[PDB]
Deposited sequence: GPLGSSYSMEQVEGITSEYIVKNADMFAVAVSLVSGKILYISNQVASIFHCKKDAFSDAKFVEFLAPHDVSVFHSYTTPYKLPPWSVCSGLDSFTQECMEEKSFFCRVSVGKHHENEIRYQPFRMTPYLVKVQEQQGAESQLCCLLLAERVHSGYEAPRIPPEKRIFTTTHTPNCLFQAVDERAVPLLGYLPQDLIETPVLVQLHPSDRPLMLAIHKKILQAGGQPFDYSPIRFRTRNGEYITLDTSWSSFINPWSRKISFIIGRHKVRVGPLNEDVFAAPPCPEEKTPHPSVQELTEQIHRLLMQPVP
């Protein structure tokens, strides 16, 4: 029972040159309050209009009322652009429910490729991935965005094998065999090459594990903890690839995929 609004929405973080705050009407979608420095790192309309069209559905999902925590991790990513081809910049955002009418304030921080000053120490370039037996990503942890160039939503529900170098795909078959064989005990395997947003591959040192349904004994998820031992040749992992986007065919990928899923259908006694 408290409405900040007006200037009470103040709480500068600068004193980051890459952050900004914004309050958005939960009913209108209109930008009620917008923090300064925005034009710097680059209005008054619907905030979604400045987001990549693919990230709009994402923004609404994570800003849904029955979610979010009242102002006194639950953060998502969005590419923002002050119009223009158009130029976007990835932003990590944390949503907070706040009254002005109850809206939603968000702290947005510009994200930087972990391969460029300030470069993420190699011993800490660690991210994890989770996937279902059908081999489609289920989640990618936040540490992955800076090391891959993709935002979580770009990889969720897509073939795991597609991101792997074509010569490291058949390896996945043996990796899963050991995974259900290991019955949950993590094990190392390297190197595996994983494709980033800019079409460049990074070399990973991976530890594999699985979550086993105790009642059915069937594997529910495959979890990997990755350490990028060799980053890409081009440090800006968010740039675009000079290749005609992705595709659909995936001749061998489909084959290898169903082959693995079949394998993971067996109970792990």
Unmodelled ranges, which are counted on the deposited sequence from position 1 and given in order: 1-3, 19-22, 50-56, 87-100, 113-116, 133-140
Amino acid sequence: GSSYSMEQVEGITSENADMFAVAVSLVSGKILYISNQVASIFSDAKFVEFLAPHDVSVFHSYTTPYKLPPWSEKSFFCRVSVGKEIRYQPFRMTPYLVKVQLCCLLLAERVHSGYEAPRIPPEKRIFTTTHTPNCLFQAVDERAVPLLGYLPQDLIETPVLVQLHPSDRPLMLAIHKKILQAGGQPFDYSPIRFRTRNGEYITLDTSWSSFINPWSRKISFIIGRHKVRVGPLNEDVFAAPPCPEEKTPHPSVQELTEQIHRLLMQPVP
From here on, numbers count along this sequence of modelled residues.
Using only the Cα atoms and their B-factors as the entry lists them, report which of 216-224 and 239-247 averages higher. 239-247
Taking the recorded C-alpha temperature factors, which stretch has the higher mean, 124-132 or 90-98? 90-98
Name the residue from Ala52, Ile34, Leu233, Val230 with the greatest C-alpha temperature factor listed in the entry. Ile34
Options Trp208, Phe59, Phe42, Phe211 - largest CA temperature factor per the record: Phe42
Ranked by Cα temperature factor within the chain, is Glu85 in the lowest third, the middle third or the highest third? highest
For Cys78, return the chain-relative third of its C-alpha B-factor as stated in the PDB record: lowest, middle or highest. middle
Consider only the C-alpha atoms of the modelled residues in this chain, order them by B-factor as the entry records it, and name the third containing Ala182: lowest, middle or highest. middle
Which third of the chain does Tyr115 land in by C-alpha B-factor: lowest, middle or highest? middle
Going by the entry, which third of its chain does the Cα temperature factor of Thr203 land in? lowest
